[PDB]
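Below, in structure tokens: the form deposited without the DNA, a single chain.
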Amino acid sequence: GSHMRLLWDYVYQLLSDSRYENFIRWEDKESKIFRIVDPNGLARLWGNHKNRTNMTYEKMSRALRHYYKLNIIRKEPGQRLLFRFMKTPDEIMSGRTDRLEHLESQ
């Protein structure tokens, strides 16, 4: 495509498709809540998307940790790989992940 997906932008695509629901899945689509079902598998998707060898779940979690501050994704109380989108892409693209587009290009 012409538009590269961010890590959070990527999970959306993975979230809505079943072939990835083993790596990640909506827990509550309309609440924008998702569980990372298999982060190891999911990160290989991430590295697959960005065409990187050294892309691990650690690398993905870095992005997530950054997304929290930038009011993108949040972390729930108690669960492991559960995450809730603080905002939706339309809202997030209002400057929050503007800088992000530049680092998540690699």
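Heads up: residue numbers just count along the shown sequence, starting at 1.
Although not depicted, the form solved in complex with the DNA is the subject of the following passage.
The DNA in the deposited bound form is approached by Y57, whose closest heavy atom lies within 4.5 angstroms of it. With a 4.5 Å cutoff on heavy atoms, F34 does not count as touching the DNA in the deposited bound form; it lies far away.
Mapping the unseen interface onto this chain, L45 falls outside it, with no heavy atom inside 4.5 Å of the DNA in the deposited bound form.
Proximity of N40 to the DNA in the deposited bound form falls within the 4.5 Å heavy atom cutoff.
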